[PDB]
>>> print(open('start-v2.cif').read())   # mmCIF, N, CA, C and O atoms and all ligand atoms
data_upload
loop_
_atom_site.label_atom_id
_atom_site.label_comp_id
_atom_site.auth_asym_id
_atom_site.auth_seq_id
_atom_site.Cartn_x
_atom_site.Cartn_y
_atom_site.Cartn_z
N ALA Z 1 -14.66 -5.92 20.12
CA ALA Z 1 -13.55 -6.18 21.01
C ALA Z 1 -13.89 -5.77 22.44
O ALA Z 1 -14.64 -4.81 22.66
N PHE Z 2 -13.45 -6.51 23.45
CA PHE Z 2 -13.58 -6.06 24.82
C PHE Z 2 -12.28 -5.32 25.17
O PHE Z 2 -11.23 -5.55 24.57
N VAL Z 3 -12.29 -4.42 26.13
CA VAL Z 3 -11.15 -3.53 26.33
C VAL Z 3 -10.78 -3.54 27.81
O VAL Z 3 -11.71 -3.52 28.62
N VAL Z 4 -9.51 -3.61 28.23
CA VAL Z 4 -9.25 -3.51 29.65
C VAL Z 4 -8.98 -2.03 29.95
O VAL Z 4 -8.24 -1.39 29.20
N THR Z 5 -9.62 -1.42 30.96
CA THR Z 5 -9.38 -0.03 31.28
C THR Z 5 -8.62 0.16 32.60
O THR Z 5 -8.08 -0.78 33.20
N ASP Z 6 -8.63 1.40 33.10
CA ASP Z 6 -7.79 1.90 34.18
C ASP Z 6 -7.67 1.12 35.47
O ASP Z 6 -6.58 0.89 35.99
N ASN Z 7 -8.76 0.56 35.96
CA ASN Z 7 -8.68 -0.06 37.25
C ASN Z 7 -7.91 -1.36 37.27
O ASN Z 7 -7.44 -1.71 38.36
N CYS Z 8 -7.61 -1.97 36.13
CA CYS Z 8 -6.75 -3.14 36.09
C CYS Z 8 -5.31 -2.78 36.50
O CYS Z 8 -4.60 -3.59 37.11
N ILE Z 9 -4.86 -1.56 36.19
CA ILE Z 9 -3.50 -1.13 36.46
C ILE Z 9 -3.25 -1.22 37.97
O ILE Z 9 -4.04 -0.74 38.80
N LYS Z 10 -2.17 -1.92 38.29
CA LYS Z 10 -1.67 -2.23 39.64
C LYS Z 10 -2.54 -3.19 40.46
O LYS Z 10 -2.27 -3.45 41.62
N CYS Z 11 -3.54 -3.81 39.82
CA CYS Z 11 -4.36 -4.86 40.42
C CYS Z 11 -3.97 -6.13 39.69
O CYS Z 11 -3.31 -6.97 40.29
N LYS Z 12 -4.25 -6.22 38.38
CA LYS Z 12 -3.93 -7.38 37.56
C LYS Z 12 -4.19 -8.72 38.28
O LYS Z 12 -3.28 -9.45 38.70
N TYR Z 13 -5.47 -8.94 38.59
CA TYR Z 13 -5.93 -10.16 39.22
C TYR Z 13 -5.79 -11.41 38.34
O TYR Z 13 -5.55 -12.51 38.84
N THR Z 14 -5.80 -11.22 37.02
CA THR Z 14 -5.74 -12.17 35.93
C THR Z 14 -6.85 -13.21 35.84
O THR Z 14 -6.77 -14.09 34.99
N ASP Z 15 -7.95 -13.07 36.58
CA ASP Z 15 -9.07 -13.98 36.53
C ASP Z 15 -9.66 -14.03 35.13
O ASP Z 15 -10.03 -15.10 34.62
N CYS Z 16 -9.60 -12.91 34.38
CA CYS Z 16 -10.07 -12.83 32.99
C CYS Z 16 -9.39 -13.85 32.09
O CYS Z 16 -10.00 -14.38 31.13
N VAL Z 17 -8.14 -14.22 32.38
CA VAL Z 17 -7.49 -15.08 31.41
C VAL Z 17 -8.05 -16.51 31.53
O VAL Z 17 -8.01 -17.21 30.53
N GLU Z 18 -8.65 -16.96 32.64
CA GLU Z 18 -9.15 -18.33 32.75
C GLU Z 18 -10.24 -18.65 31.78
O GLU Z 18 -10.40 -19.75 31.29
N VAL Z 19 -11.09 -17.65 31.67
CA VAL Z 19 -12.32 -17.77 30.96
C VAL Z 19 -12.24 -17.54 29.45
O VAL Z 19 -13.13 -17.99 28.72
N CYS Z 20 -11.17 -16.91 28.94
CA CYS Z 20 -11.03 -16.53 27.54
C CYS Z 20 -10.89 -17.75 26.65
O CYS Z 20 -9.92 -18.51 26.80
N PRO Z 21 -11.78 -17.99 25.68
CA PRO Z 21 -11.69 -19.22 24.94
C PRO Z 21 -10.60 -19.09 23.89
O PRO Z 21 -10.02 -20.09 23.48
N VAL Z 22 -10.27 -17.89 23.41
CA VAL Z 22 -9.33 -17.77 22.33
C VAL Z 22 -7.95 -17.28 22.79
O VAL Z 22 -7.05 -17.14 21.96
N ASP Z 23 -7.72 -17.07 24.08
CA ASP Z 23 -6.43 -16.62 24.60
C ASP Z 23 -5.86 -15.39 23.90
O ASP Z 23 -4.76 -15.37 23.36
N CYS Z 24 -6.63 -14.30 23.92
CA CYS Z 24 -6.23 -13.10 23.23
C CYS Z 24 -5.84 -12.06 24.25
O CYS Z 24 -6.00 -10.87 23.98
N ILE Z 25 -5.28 -12.44 25.40
CA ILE Z 25 -4.90 -11.46 26.40
C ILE Z 25 -3.38 -11.42 26.51
O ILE Z 25 -2.69 -12.43 26.36
N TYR Z 26 -2.80 -10.24 26.66
CA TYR Z 26 -1.36 -10.08 26.62
C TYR Z 26 -0.94 -9.35 27.86
O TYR Z 26 -1.65 -8.49 28.35
N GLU Z 27 0.24 -9.63 28.34
CA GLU Z 27 0.60 -9.28 29.67
C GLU Z 27 1.71 -8.26 29.75
O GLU Z 27 2.72 -8.38 29.06
N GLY Z 28 1.53 -7.27 30.63
CA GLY Z 28 2.54 -6.29 30.88
C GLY Z 28 2.87 -6.36 32.35
O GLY Z 28 2.16 -7.06 33.09
N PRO Z 29 3.93 -5.70 32.86
CA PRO Z 29 4.32 -5.65 34.27
C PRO Z 29 3.15 -5.44 35.23
O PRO Z 29 3.02 -6.23 36.16
N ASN Z 30 2.23 -4.50 34.99
CA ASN Z 30 1.17 -4.22 35.95
C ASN Z 30 -0.21 -3.97 35.36
O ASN Z 30 -1.06 -3.35 36.02
N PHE Z 31 -0.44 -4.53 34.18
CA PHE Z 31 -1.67 -4.29 33.47
C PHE Z 31 -1.73 -5.40 32.44
O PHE Z 31 -0.68 -5.97 32.13
N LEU Z 32 -2.95 -5.78 32.00
CA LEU Z 32 -3.20 -6.76 30.95
C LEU Z 32 -3.93 -6.05 29.79
O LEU Z 32 -4.58 -5.02 30.00
N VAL Z 33 -3.80 -6.51 28.54
CA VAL Z 33 -4.64 -5.95 27.48
C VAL Z 33 -5.30 -7.03 26.61
O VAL Z 33 -4.82 -8.17 26.61
N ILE Z 34 -6.40 -6.71 25.90
CA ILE Z 34 -7.10 -7.64 25.03
C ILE Z 34 -6.74 -7.29 23.61
O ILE Z 34 -6.88 -6.13 23.19
N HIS Z 35 -6.32 -8.27 22.81
CA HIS Z 35 -6.00 -8.03 21.40
C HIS Z 35 -7.26 -7.86 20.55
O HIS Z 35 -7.92 -8.86 20.30
N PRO Z 36 -7.60 -6.72 19.94
CA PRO Z 36 -8.91 -6.48 19.39
C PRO Z 36 -9.24 -7.33 18.16
O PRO Z 36 -10.42 -7.63 17.93
N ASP Z 37 -8.21 -7.73 17.40
CA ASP Z 37 -8.37 -8.61 16.24
C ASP Z 37 -8.71 -10.04 16.53
O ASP Z 37 -9.34 -10.73 15.72
N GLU Z 38 -8.20 -10.49 17.66
CA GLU Z 38 -8.40 -11.84 18.11
C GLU Z 38 -9.61 -12.08 18.98
O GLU Z 38 -10.01 -13.24 19.07
N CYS Z 39 -10.10 -11.06 19.69
CA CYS Z 39 -11.20 -11.23 20.60
C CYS Z 39 -12.44 -11.55 19.79
O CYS Z 39 -12.65 -10.95 18.75
N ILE Z 40 -13.27 -12.49 20.28
CA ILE Z 40 -14.49 -12.87 19.56
C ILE Z 40 -15.75 -12.28 20.17
O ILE Z 40 -16.86 -12.66 19.78
N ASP Z 41 -15.57 -11.35 21.12
CA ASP Z 41 -16.65 -10.67 21.81
C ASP Z 41 -17.65 -11.60 22.51
O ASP Z 41 -18.88 -11.43 22.54
N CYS Z 42 -17.13 -12.67 23.09
CA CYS Z 42 -17.96 -13.63 23.81
C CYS Z 42 -18.46 -13.09 25.14
O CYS Z 42 -19.34 -13.68 25.77
N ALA Z 43 -17.84 -12.01 25.63
CA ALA Z 43 -18.15 -11.32 26.87
C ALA Z 43 -18.01 -12.09 28.14
O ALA Z 43 -18.49 -11.64 29.18
N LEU Z 44 -17.37 -13.26 28.10
CA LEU Z 44 -17.21 -14.07 29.29
C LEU Z 44 -16.29 -13.51 30.35
O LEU Z 44 -16.49 -13.79 31.53
N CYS Z 45 -15.37 -12.62 29.94
CA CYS Z 45 -14.35 -12.02 30.80
C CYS Z 45 -14.90 -10.91 31.63
O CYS Z 45 -14.48 -10.77 32.78
N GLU Z 46 -15.85 -10.13 31.13
CA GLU Z 46 -16.16 -8.99 31.96
C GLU Z 46 -16.90 -9.28 33.25
O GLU Z 46 -16.57 -8.60 34.23
N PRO Z 47 -17.73 -10.32 33.45
CA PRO Z 47 -18.24 -10.66 34.75
C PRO Z 47 -17.12 -11.12 35.67
O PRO Z 47 -17.22 -10.95 36.89
N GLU Z 48 -16.06 -11.70 35.10
CA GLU Z 48 -14.97 -12.23 35.89
C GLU Z 48 -14.01 -11.20 36.44
O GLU Z 48 -13.39 -11.49 37.47
N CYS Z 49 -13.84 -10.01 35.85
CA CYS Z 49 -12.85 -9.09 36.38
C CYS Z 49 -13.22 -8.58 37.78
O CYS Z 49 -14.21 -7.85 37.90
N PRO Z 50 -12.50 -8.82 38.88
CA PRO Z 50 -12.84 -8.29 40.20
C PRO Z 50 -12.73 -6.77 40.22
O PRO Z 50 -13.45 -6.11 40.94
N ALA Z 51 -11.88 -6.16 39.41
CA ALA Z 51 -11.70 -4.73 39.40
C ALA Z 51 -12.71 -4.04 38.51
O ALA Z 51 -12.68 -2.81 38.34
N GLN Z 52 -13.61 -4.83 37.90
CA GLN Z 52 -14.55 -4.36 36.89
C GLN Z 52 -13.98 -3.35 35.91
O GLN Z 52 -14.56 -2.32 35.56
N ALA Z 53 -12.83 -3.77 35.40
CA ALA Z 53 -12.04 -3.00 34.48
C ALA Z 53 -12.33 -3.35 33.03
O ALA Z 53 -11.98 -2.56 32.15
N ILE Z 54 -13.02 -4.46 32.68
CA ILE Z 54 -13.26 -4.80 31.28
C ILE Z 54 -14.64 -4.30 30.83
O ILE Z 54 -15.61 -4.40 31.60
N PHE Z 55 -14.69 -3.76 29.60
CA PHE Z 55 -15.85 -3.17 28.99
C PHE Z 55 -15.81 -3.58 27.55
O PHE Z 55 -14.77 -3.77 26.94
N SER Z 56 -17.00 -3.67 27.04
CA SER Z 56 -17.22 -3.87 25.64
C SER Z 56 -16.78 -2.53 25.06
O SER Z 56 -17.00 -1.47 25.66
N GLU Z 57 -16.11 -2.62 23.92
CA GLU Z 57 -15.66 -1.47 23.17
C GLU Z 57 -16.67 -0.32 23.13
O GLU Z 57 -16.41 0.84 23.44
N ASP Z 58 -17.92 -0.62 22.85
CA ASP Z 58 -18.97 0.36 22.71
C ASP Z 58 -19.53 0.89 24.02
O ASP Z 58 -20.35 1.82 24.04
N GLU Z 59 -18.98 0.40 25.12
CA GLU Z 59 -19.42 0.82 26.43
C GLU Z 59 -18.29 1.44 27.22
O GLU Z 59 -18.52 1.86 28.36
N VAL Z 60 -17.08 1.56 26.67
CA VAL Z 60 -15.95 2.15 27.36
C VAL Z 60 -16.40 3.54 27.80
O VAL Z 60 -16.96 4.28 26.97
N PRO Z 61 -16.26 3.97 29.06
CA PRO Z 61 -16.60 5.32 29.50
C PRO Z 61 -15.96 6.38 28.64
O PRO Z 61 -14.90 6.14 28.05
N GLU Z 62 -16.55 7.56 28.54
CA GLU Z 62 -16.04 8.66 27.75
C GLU Z 62 -14.63 9.05 28.17
O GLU Z 62 -13.71 9.16 27.36
N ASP Z 63 -14.40 9.10 29.47
CA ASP Z 63 -13.09 9.45 29.97
C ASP Z 63 -12.08 8.30 29.94
O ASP Z 63 -11.04 8.44 30.56
N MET Z 64 -12.36 7.16 29.30
CA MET Z 64 -11.40 6.08 29.21
C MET Z 64 -11.23 5.64 27.78
O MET Z 64 -10.72 4.54 27.50
N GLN Z 65 -11.60 6.51 26.83
CA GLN Z 65 -11.51 6.17 25.42
C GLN Z 65 -10.10 5.88 24.98
O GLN Z 65 -9.91 5.14 24.01
N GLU Z 66 -9.08 6.37 25.68
CA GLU Z 66 -7.66 6.17 25.38
C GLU Z 66 -7.38 4.68 25.41
O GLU Z 66 -6.61 4.15 24.60
N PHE Z 67 -8.05 3.98 26.33
CA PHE Z 67 -7.77 2.58 26.54
C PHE Z 67 -8.03 1.65 25.37
O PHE Z 67 -7.33 0.65 25.23
N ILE Z 68 -8.90 2.05 24.45
CA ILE Z 68 -9.28 1.23 23.30
C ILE Z 68 -8.06 1.08 22.45
O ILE Z 68 -7.62 -0.06 22.24
N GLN Z 69 -7.49 2.21 22.05
CA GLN Z 69 -6.30 2.22 21.23
C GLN Z 69 -5.12 1.71 22.03
O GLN Z 69 -4.29 0.98 21.49
N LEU Z 70 -5.01 2.00 23.32
CA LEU Z 70 -3.92 1.45 24.13
C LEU Z 70 -3.91 -0.07 24.13
O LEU Z 70 -2.86 -0.68 23.98
N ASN Z 71 -5.05 -0.74 24.24
CA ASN Z 71 -5.11 -2.20 24.18
C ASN Z 71 -4.64 -2.66 22.83
O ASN Z 71 -3.85 -3.59 22.79
N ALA Z 72 -5.01 -2.03 21.73
CA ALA Z 72 -4.56 -2.42 20.40
C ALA Z 72 -3.04 -2.31 20.23
O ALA Z 72 -2.38 -3.24 19.75
N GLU Z 73 -2.43 -1.22 20.71
CA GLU Z 73 -0.99 -0.99 20.67
C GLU Z 73 -0.19 -1.93 21.53
O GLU Z 73 0.79 -2.52 21.11
N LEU Z 74 -0.53 -2.06 22.79
CA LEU Z 74 0.29 -2.88 23.67
C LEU Z 74 0.18 -4.35 23.42
O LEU Z 74 1.08 -5.13 23.67
N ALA Z 75 -0.92 -4.77 22.82
CA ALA Z 75 -1.16 -6.18 22.52
C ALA Z 75 -0.24 -6.65 21.43
O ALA Z 75 -0.01 -7.84 21.30
N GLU Z 76 0.27 -5.73 20.63
CA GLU Z 76 1.22 -6.06 19.62
C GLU Z 76 2.59 -6.20 20.28
O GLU Z 76 3.45 -6.88 19.74
N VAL Z 77 2.89 -5.63 21.45
CA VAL Z 77 4.26 -5.70 21.95
C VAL Z 77 4.37 -6.60 23.15
O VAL Z 77 5.48 -7.00 23.48
N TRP Z 78 3.29 -6.89 23.86
CA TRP Z 78 3.39 -7.69 25.07
C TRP Z 78 3.24 -9.19 24.84
O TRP Z 78 2.63 -9.61 23.85
N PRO Z 79 3.80 -10.06 25.67
CA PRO Z 79 3.61 -11.51 25.58
C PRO Z 79 2.21 -12.03 25.95
O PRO Z 79 1.54 -11.45 26.81
N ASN Z 80 1.72 -13.10 25.31
CA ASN Z 80 0.43 -13.74 25.59
C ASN Z 80 0.38 -14.28 27.00
O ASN Z 80 1.36 -14.90 27.40
N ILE Z 81 -0.65 -14.09 27.82
CA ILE Z 81 -0.68 -14.78 29.09
C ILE Z 81 -1.80 -15.82 28.95
O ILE Z 81 -2.90 -15.46 28.52
N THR Z 82 -1.61 -17.12 29.20
CA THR Z 82 -2.71 -18.06 29.06
C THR Z 82 -3.12 -18.73 30.36
O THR Z 82 -4.08 -19.51 30.36
N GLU Z 83 -2.42 -18.45 31.48
CA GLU Z 83 -2.70 -19.01 32.80
C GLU Z 83 -2.83 -17.90 33.80
O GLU Z 83 -2.08 -16.91 33.78
N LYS Z 84 -3.81 -18.09 34.66
CA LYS Z 84 -4.07 -17.23 35.78
C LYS Z 84 -2.82 -17.13 36.62
O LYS Z 84 -2.03 -18.09 36.64
N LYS Z 85 -2.57 -16.05 37.35
CA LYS Z 85 -1.51 -16.08 38.32
C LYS Z 85 -2.04 -15.30 39.50
O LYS Z 85 -3.24 -14.92 39.54
N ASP Z 86 -1.23 -15.16 40.54
CA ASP Z 86 -1.70 -14.39 41.68
C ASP Z 86 -1.80 -12.93 41.30
O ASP Z 86 -1.12 -12.48 40.37
N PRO Z 87 -2.69 -12.20 41.97
CA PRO Z 87 -2.78 -10.75 41.88
C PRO Z 87 -1.49 -10.08 42.31
O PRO Z 87 -0.62 -10.69 42.96
N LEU Z 88 -1.30 -8.84 41.93
CA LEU Z 88 -0.14 -8.11 42.38
C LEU Z 88 -0.30 -7.96 43.88
O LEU Z 88 -1.45 -7.93 44.33
N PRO Z 89 0.77 -7.86 44.70
CA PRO Z 89 0.77 -7.98 46.16
C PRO Z 89 -0.27 -7.18 46.89
O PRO Z 89 -1.04 -7.68 47.73
N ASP Z 90 -0.28 -5.95 46.37
CA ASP Z 90 -1.07 -4.86 46.90
C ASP Z 90 -2.30 -4.53 46.08
O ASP Z 90 -2.81 -3.40 46.10
N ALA Z 91 -2.84 -5.49 45.34
CA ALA Z 91 -3.93 -5.24 44.44
C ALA Z 91 -5.14 -4.59 45.07
O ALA Z 91 -5.67 -3.62 44.51
N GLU Z 92 -5.56 -4.97 46.28
CA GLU Z 92 -6.78 -4.36 46.78
C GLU Z 92 -6.54 -2.99 47.38
O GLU Z 92 -7.52 -2.27 47.52
N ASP Z 93 -5.31 -2.56 47.68
CA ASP Z 93 -5.07 -1.16 47.99
C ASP Z 93 -5.30 -0.29 46.75
O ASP Z 93 -5.85 0.81 46.82
N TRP Z 94 -4.90 -0.76 45.57
CA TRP Z 94 -5.07 0.01 44.36
C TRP Z 94 -6.41 -0.17 43.67
O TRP Z 94 -6.73 0.51 42.68
N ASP Z 95 -7.25 -1.07 44.15
CA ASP Z 95 -8.51 -1.34 43.48
C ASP Z 95 -9.50 -0.25 43.74
O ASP Z 95 -9.97 -0.03 44.84
N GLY Z 96 -9.80 0.47 42.67
CA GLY Z 96 -10.78 1.51 42.74
C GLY Z 96 -10.17 2.87 42.85
O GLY Z 96 -10.89 3.86 43.02
N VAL Z 97 -8.84 2.95 42.79
CA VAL Z 97 -8.15 4.22 42.78
C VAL Z 97 -8.26 4.76 41.36
O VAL Z 97 -8.10 3.98 40.41
N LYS Z 98 -8.56 6.04 41.19
CA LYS Z 98 -8.69 6.56 39.84
C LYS Z 98 -7.36 7.10 39.33
O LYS Z 98 -6.42 7.34 40.10
N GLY Z 99 -7.28 7.32 38.03
CA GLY Z 99 -6.11 7.91 37.41
C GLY Z 99 -4.89 7.03 37.43
O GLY Z 99 -3.79 7.58 37.42
N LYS Z 100 -5.00 5.68 37.39
CA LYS Z 100 -3.86 4.81 37.49
C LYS Z 100 -3.07 4.70 36.21
O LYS Z 100 -1.96 4.17 36.24
N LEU Z 101 -3.52 5.27 35.10
CA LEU Z 101 -2.75 5.26 33.86
C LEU Z 101 -1.40 5.94 34.00
O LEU Z 101 -0.44 5.52 33.36
N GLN Z 102 -1.25 6.93 34.86
CA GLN Z 102 0.08 7.50 35.11
C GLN Z 102 1.06 6.51 35.77
O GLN Z 102 2.25 6.78 35.83
N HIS Z 103 0.61 5.35 36.28
CA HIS Z 103 1.47 4.30 36.82
C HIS Z 103 1.68 3.17 35.83
O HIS Z 103 2.31 2.19 36.22
N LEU Z 104 1.14 3.19 34.60
CA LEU Z 104 1.37 2.11 33.66
C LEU Z 104 2.84 1.94 33.30
O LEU Z 104 3.49 2.92 32.97
N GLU Z 105 3.33 0.69 33.37
CA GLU Z 105 4.67 0.30 33.04
C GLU Z 105 4.69 -0.42 31.72
O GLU Z 105 3.82 -1.27 31.51
N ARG Z 106 5.64 -0.09 30.85
CA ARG Z 106 5.75 -0.79 29.60
C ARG Z 106 6.63 -2.03 29.74
O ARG Z 106 7.48 -2.03 30.63
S1 LIG D 1 -14.72 -11.12 25.18
FE1 LIG D 1 -14.14 -13.36 25.14
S2 LIG D 1 -12.61 -13.56 23.47
FE2 LIG D 1 -12.63 -11.34 24.18
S3 LIG D 1 -11.05 -11.18 25.78
FE3 LIG D 1 -13.05 -11.47 26.74
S4 LIG D 1 -13.12 -13.74 27.14
FE4 LIG D 1 -11.54 -13.39 25.53
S1 LIG D 2 -7.88 -6.57 37.07
FE1 LIG D 2 -7.03 -6.91 34.98
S2 LIG D 2 -5.86 -8.92 34.92
FE2 LIG D 2 -8.02 -9.22 34.09
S3 LIG D 2 -9.22 -9.92 35.90
FE3 LIG D 2 -9.37 -7.64 35.68
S4 LIG D 2 -8.77 -7.16 33.55
#
>>> encode(input="start-v2.cif", output="structure tokens", more="lines below")
Ligand code: SF4
Ligand code: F3S
Amino acid sequence: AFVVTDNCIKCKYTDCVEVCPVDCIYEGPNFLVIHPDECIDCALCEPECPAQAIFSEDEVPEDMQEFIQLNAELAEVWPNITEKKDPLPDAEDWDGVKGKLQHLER
């Protein structure tokens, strides 16, 4: 499974959803997640993320291990997104800011 981590929060560029062949991405107010059961590990999304927030499960940084299980949990409750949309207004102010998990909205 590929996993979306911290830097997607408050950026949500959604470029990853264009490229996903199986549409396994689910949408929240300010963050996106990958459904681990549905992802086919094609890796096409991670070159596409401008925030470089997507990682292969086995490459998730040590300090972002929470995100693996978070993607599995939220993907069960959030709606599927299948079309790109605009980034959040202020996405490049928040791009590269650390510790954005305290701003995650359900
Ligand atoms: S690795 Fe492929 S199947 Fe998984 S979320 Fe990324 S683009 Fe979709
Ligand atoms: S910022 Fe998030 S919405 Fe997709 S393109 Fe990157 S994982």
>>> residues_near_ligand(input="start-v2.cif", ligand="ligand LIG 1 (chain D)", cutoff="5 Å", atoms="all atoms listed in the file", output="mmCIF file with N, CA, C and O atoms, in the coordinates of the input")
data_model
loop_
_atom_site.group_PDB
_atom_site.id
_atom_site.type_symbol
_atom_site.label_atom_id
_atom_site.label_comp_id
_atom_site.auth_asym_id
_atom_site.auth_seq_id
_atom_site.Cartn_x
_atom_site.Cartn_y
_atom_site.Cartn_z
ATOM 1 N N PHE Z 2 -13.450 -6.510 23.450
ATOM 2 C CA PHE Z 2 -13.580 -6.060 24.820
ATOM 3 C C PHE Z 2 -12.280 -5.320 25.170
ATOM 4 O O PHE Z 2 -11.230 -5.550 24.570
ATOM 5 N N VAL Z 19 -11.090 -17.650 31.670
ATOM 6 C CA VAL Z 19 -12.320 -17.770 30.960
ATOM 7 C C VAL Z 19 -12.240 -17.540 29.450
ATOM 8 O O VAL Z 19 -13.130 -17.990 28.720
ATOM 9 N N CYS Z 20 -11.170 -16.910 28.940
ATOM 10 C CA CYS Z 20 -11.030 -16.530 27.540
ATOM 11 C C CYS Z 20 -10.890 -17.750 26.650
ATOM 12 O O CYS Z 20 -9.920 -18.510 26.800
ATOM 13 N N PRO Z 21 -11.780 -17.990 25.680
ATOM 14 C CA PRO Z 21 -11.690 -19.220 24.940
ATOM 15 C C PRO Z 21 -10.600 -19.090 23.890
ATOM 16 O O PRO Z 21 -10.020 -20.090 23.480
ATOM 17 N N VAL Z 22 -10.270 -17.890 23.410
ATOM 18 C CA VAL Z 22 -9.330 -17.770 22.330
ATOM 19 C C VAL Z 22 -7.950 -17.280 22.790
ATOM 20 O O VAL Z 22 -7.050 -17.140 21.960
ATOM 21 N N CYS Z 39 -10.100 -11.060 19.690
ATOM 22 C CA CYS Z 39 -11.200 -11.230 20.600
ATOM 23 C C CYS Z 39 -12.440 -11.550 19.790
ATOM 24 O O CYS Z 39 -12.650 -10.950 18.750
ATOM 25 N N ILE Z 40 -13.270 -12.490 20.280
ATOM 26 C CA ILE Z 40 -14.490 -12.870 19.560
ATOM 27 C C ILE Z 40 -15.750 -12.280 20.170
ATOM 28 O O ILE Z 40 -16.860 -12.660 19.780
ATOM 29 N N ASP Z 41 -15.570 -11.350 21.120
ATOM 30 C CA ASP Z 41 -16.650 -10.670 21.810
ATOM 31 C C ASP Z 41 -17.650 -11.600 22.510
ATOM 32 O O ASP Z 41 -18.880 -11.430 22.540
ATOM 33 N N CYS Z 42 -17.130 -12.670 23.090
ATOM 34 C CA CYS Z 42 -17.960 -13.630 23.810
ATOM 35 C C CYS Z 42 -18.460 -13.090 25.140
ATOM 36 O O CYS Z 42 -19.340 -13.680 25.770
ATOM 37 N N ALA Z 43 -17.840 -12.010 25.630
ATOM 38 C CA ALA Z 43 -18.150 -11.320 26.870
ATOM 39 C C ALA Z 43 -18.010 -12.090 28.140
ATOM 40 O O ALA Z 43 -18.490 -11.640 29.180
ATOM 41 N N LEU Z 44 -17.370 -13.260 28.100
ATOM 42 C CA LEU Z 44 -17.210 -14.070 29.290
ATOM 43 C C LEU Z 44 -16.290 -13.510 30.350
ATOM 44 O O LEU Z 44 -16.490 -13.790 31.530
ATOM 45 N N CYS Z 45 -15.370 -12.620 29.940
ATOM 46 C CA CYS Z 45 -14.350 -12.020 30.800
ATOM 47 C C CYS Z 45 -14.900 -10.910 31.630
ATOM 48 O O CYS Z 45 -14.480 -10.770 32.780
#
>>> residues_around(input="start-v2.cif", residues="residue 13 in chain Z", least_positions_apart="3", cutoff="7 Å", atoms="only C-alpha atoms", output="PyMOL selection string")
chain Z and resi 86-88
>>> closest_residue(input="start-v2.cif", among="Z:50, Z:36, Z:28, Z:79", to="ligand LIG 2 (chain D)", atoms="all atoms listed in the file")
Z:50
>>> residues_near_ligand(input="start-v2.cif", ligand="ligand LIG 2 (chain D)", cutoff="6 Å", atoms="all atoms listed in the file", output="list in words")
residues 4, 7, 8, 9, 11, 12, 13, 14, 15, 16, 17, 31, 32, 48, 49, 50, 51, 52, 53 and 54 of chain Z
>>> residues_around(input="start-v2.cif", residues="residue 33 in chain Z", least_positions_apart="3", cutoff="6 Å", atoms="all atoms listed in the file", output="list in words")
residues 4, 24, 25, 26, 27, 28, 71 and 75 of chain Z
>>> closest_residue(input="start-v2.cif", among="Z:47, Z:104, Z:1, Z:62", to="residue 34 in chain Z", atoms="all atoms listed in the file")
Z:1
>>> residues_near_point(input="start-v2.cif", point="(-6.5, 1.6, 17.7)", cutoff="12 Å", atoms="only C-alpha atoms", output="PyMOL selection string")
chain Z and resi 1+3+34-37+57+65-76
>>> atom_distance(input="start-v2.cif", atom1="CA of residue 46 in chain Z", atom2="atom O of residue 102 in chain Z")
24.5 Å
>>> closest_residue(input="start-v2.cif", among="Z:18, Z:6, Z:105, Z:90", to="residue 63 in chain Z", atoms="all atoms listed in the file")
Z:6
>>> atom_distance(input="start-v2.cif", atom1="atom C of residue 64 in chain Z", atom2="atom N of residue 100 in chain Z")
11.5 Å
>>> atom_distance(input="start-v2.cif", atom1="CA of residue 101 in chain Z", atom2="CA of residue 10 in chain Z")
9.5 Å
>>> select_by_dssp(input="start-v2.cif", residues="chain Z", states="strand (DSSP E or B)", output="ChimeraX atom specification")
/Z:2-4,25-28,31-34,54-56,80
>>> decode(input="start-v2.cif", residues="range 3-20 of chain Z", atoms="C-alpha atoms", output="compact mmCIF listing (two decimals), in the first residue's frame")
# COMPACT_ATOMS: atom_id res chain seq x y z
CA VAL Z 3 0.46 5.94 2.35
CA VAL Z 4 -0.25 9.70 2.47
CA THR Z 5 1.72 11.38 5.31
CA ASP Z 6 1.92 14.74 7.14
CA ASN Z 7 2.77 17.24 4.48
CA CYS Z 8 -0.48 16.61 2.57
CA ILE Z 9 -2.40 18.14 5.52
CA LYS Z 10 -3.55 21.68 4.61
CA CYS Z 11 -2.04 21.39 1.10
CA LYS Z 12 -4.23 18.70 -0.55
CA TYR Z 13 -3.13 19.46 -4.11
CA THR Z 14 -5.02 16.31 -5.29
CA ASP Z 15 -2.68 15.69 -8.27
CA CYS Z 16 -2.34 12.09 -6.95
CA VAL Z 17 -5.94 11.32 -7.79
CA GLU Z 18 -5.41 11.87 -11.59
CA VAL Z 19 -2.93 9.16 -11.92
CA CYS Z 20 -4.52 6.43 -9.70
